[PDB]
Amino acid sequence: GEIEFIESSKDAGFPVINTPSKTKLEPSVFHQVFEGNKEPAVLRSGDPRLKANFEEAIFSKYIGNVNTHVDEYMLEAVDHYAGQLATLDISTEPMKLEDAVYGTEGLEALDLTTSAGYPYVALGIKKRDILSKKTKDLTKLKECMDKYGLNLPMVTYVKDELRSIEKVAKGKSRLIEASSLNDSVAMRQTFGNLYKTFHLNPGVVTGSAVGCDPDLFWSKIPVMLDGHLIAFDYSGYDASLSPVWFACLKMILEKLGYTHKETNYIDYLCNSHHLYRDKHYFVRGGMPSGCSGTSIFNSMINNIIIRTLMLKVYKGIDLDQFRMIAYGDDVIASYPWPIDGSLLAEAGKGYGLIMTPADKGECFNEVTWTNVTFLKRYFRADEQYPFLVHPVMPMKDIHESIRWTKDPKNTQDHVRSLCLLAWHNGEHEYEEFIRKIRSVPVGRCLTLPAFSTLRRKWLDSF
C-alpha cells in the first residue's frame, strides 16, 4: 500500500474528525503487584515519550506497492485454494438485512460499541441512534443508507492499547479504519454467508482460524498440521499489500461464484479514502484494518500468498500435501518435507512483503511444536490427556494486561478473562497468579475460579 494523495480536510469540505487524544488506559490496582514494561500507545504528536515523528511513524507502514500482473504462480495458487473452498459450498446469495445486522448463526450482531464512521461521526449520530438490539429496527438504517449511500471515507483512529517501550518511543501506534455503518452493512449483506462459512469452519480447508476458540481449536491444530512446521512473521502485512494481491482475491471470489459487480467492494478496500483528524488521504493498496471482513480477507490473501511463494521457489511442490491456517497475517503451516523459509521470505520481498523469522527469531527454519506460537500462544500437550493441547498465553503478557485498565468497573470481567488464559500455564503458576491478585483488597472481592474447576470444565468441553 502507498499513500497517493494527502491534503487538509477543509479543502475538500470535510470537518475535522475529533478522535481521542488521551488514553483511556490507567494503572490498575495491580500495577505495583505485578511486573511489566508496556505503556499506552502514543495517541498524539506532542507525546513527551516520543523519540520519533509521530505522523511519519504511524503512516510508515505504507511501504509502497509492487506493480505487477497476476503471474503464473498466483494463478495456480488461486486455483488450488479455490478448489478447497469449493468443498464448503459457500453461498454467494446476499445475506438478509436483519441477519446481517442483528445476528445469525456464524455471524454475531454488528458491534454497537464501535464507530459508526462517516458522516455519522461528524453529526453526533451513534450506532445506537440508528439501531436497537431489542426491536431489530431496520427503518432508520434503511433511511440512512438511502440518504448517504455507499463508498464513504473511512475514519482513521489510533488504537488505544498497551505497547512495548520500543513501540512507544518509535511512535509505532496502530491505526484502525472505521468503515461507515453504510459500507459495513452492505459488505455484510454481500459477503455475510462467506463470513458465516469461515467462522463455522476454522481449519485447513478454509485455511483460517478467524473466530476460533483456542481452548478447543488447539487440540485440532496438530491433527490438521501433519508434517514439518512452517511459520514466519510479517512486518506490516496489511499495509504492505499491493493491489495485485487484491486482484488475486477478486479472482478467487469470482471462482466461488461472486459476480464482477459483487467483487467491486474489494476495490473499496484496496483503493481507499481515509479521514484522519484534520487530513484526508487516498491509499493505493493496503488492507484497511477495521472494515467489514478484513481479518477474513487478510486470511484468504495469506492463503494465496504462501502458495504463490512455495510454487515460485519449489517448482515441483505438491500443494495437496501442504496445510496452513491463517489469522490475518499470522500463519502456522506444514509440509511433509523441510522447506527453507528464508527462500520464501526472499520471494516474498519481490512481491512487496516483509517476512522475518518467526517470533523475532534470529534465523528461519528453527520451528518446532515446543517453540511455535500462533495468536501469541504456545502449544503444550496435556500431561495426562496427551491428545488435548493447552493454548499457552505467556504469563508475561497476562501480567502486562492486568496492570492497566480502561475502566475499573470492569475489574471482575478483566481478571476473570485473564484467569481463563493463565491456568494453562500450570497449577503452580496459576496459584501464584491468584495469590498476587489477592494481595490487594480488590482481589479478595473477586469471584476467581479454582484451578481444578477450570481444568474440569476444559476437559469436559471436549
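From 1 onward, residues are counted along the sequence shown.
Chemist: Please compare 202 to 210 with 162 to 170 and say which has the higher mean C-alpha temperature factor in the record.
Modeler: Here the higher of the two C-alpha B-factor means belongs to 162 to 170.
Chemist: Averaging the C-alpha B factors as listed in the entry, name the stretch that ends up higher: 389 to 397 or 66 to 74.
Modeler: Between 389 to 397 and 66 to 74, it is 66 to 74.
Chemist: Checking the entry, which one of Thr135, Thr190, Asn182, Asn271 has the top C-alpha B factor?
Modeler: Top of the list by C-alpha B-factor: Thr135.
Chemist: In this PDB entry, which of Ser219, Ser299, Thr139, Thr373 has the top CA B-factor?
Modeler: The C-alpha B-factor peaks, among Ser219, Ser299, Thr139, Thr373, at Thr139.
Chemist: Thinking about Cα B factors across the chain, which third does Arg44 belong to?
Modeler: Highest third.
Chemist: Can you work out whether the C-alpha temperature factor of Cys144 puts it in the lowest, middle or highest third of the chain?
Modeler: Its C-alpha B-factor belongs to the highest third of this chain's values.
Chemist: In terms of the chain's CA B-factor thirds, is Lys126 lowest, middle or highest?
Modeler: Highest third of the chain for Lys126's C-alpha B-factor.
Chemist: Can you work out whether the C-alpha temperature factor of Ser334 puts it in the lowest, middle or highest third of the chain?
Modeler: Lowest third of the chain for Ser334's C-alpha B-factor.
Chemist: What third of its chain's C-alpha B-factors does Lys409 belong to: lowest, middle or highest?
Modeler: Its C-alpha B-factor, which the entry lists for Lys409, ranks in the highest third among residues of this chain.
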